[PDB]
């Protein structure tokens, strides 16, 4: 039999991300000899981006390709299924945690409880911030109306004095154009350029060379399927889909990075100034971030289990010291 799944992505039509997503649907068809076809839908075509979770749960959408931390408000563990401020910051570290340190199994158990099947993470990129005004040091975040993807990312910036707001990436351009917000994080350079942020914001704010991305160094996406639909798919096809997603994870990653290399010269051409924060600004964010990591970990049994193993890993590779964990518990 042939199966057809309808999957909407967080990528807006007309972005490098959507183009990569379109090709993935062709690859799935090739890998399953046409037995499984995925019909792609750009952000907002079936439902709003943040409404994808419920639509996939009901089966109205067969699956979704979101940025995983979008569900942080309803599933605490998802704040730990994508990068959070100053924690693990390399694609290979997240890949290791998910694929050998138990991360994938935590995600699958948590999503199964929601009637969803978490297939696996899709590698992507770090994120940058676009601002209408110069933010040159930690203290300049005070009073900035900043769009961020909620969750722990928003909490960290709020602890730095920013007024945070949650908006889908597609609403950032009009918000900055009208001055409804002063700044916005979204994704990396290439897609932000596709969305025109450079024309409504003259600055790009990044961390120092040592920590380019303070908040989201590894902004993971994923594929999540309605559990019933997943369980109805023949096992051989389920296994091929898992392989297709893991292969795509890196094909997506590479395509985004190539587009990013091409985008930087364009920002310079557009007259956009890239502001680099300092190592000291990062330390100020670090002191705010660690206690917040623990508060989020303490939300439910899944966030605790995921952070516990991530913390152990961070200790093993020198990303956290016992001294800085003083007074914190788990």
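Positions refer to the first chain, counted from 1.
The stretch with the higher mean CA B factor, choosing between 175-183 and 234-242, is 175-183. For the segment pair 201-209 and 255-263, the entry gives 201-209 the higher mean B-factor, averaged over Cα atoms. Comparing the C-alpha B-factors of 320, 13, 20, 306 in the entry, the top value falls on 320. If you compare the C-alpha temperature factors of 113, 247, 219, 92 in the entry, 113 comes out highest. Per-chain ranking of the deposited C-alpha B factor places residue 139 in the highest third.
Sort the modelled residues of the chain by CA B factor and residue 108 lands in the middle third. In the deposited entry, the Cα temperature factor of residue 293 sits in the middle third of values across the chain's modelled residues. Compared with the other modelled residues of the chain, the Cα B-factor recorded for residue 60 ranks in the highest third. In this PDB entry, residue 52 carries a Cα temperature factor that places it within the lowest third of its chain's modelled residues.
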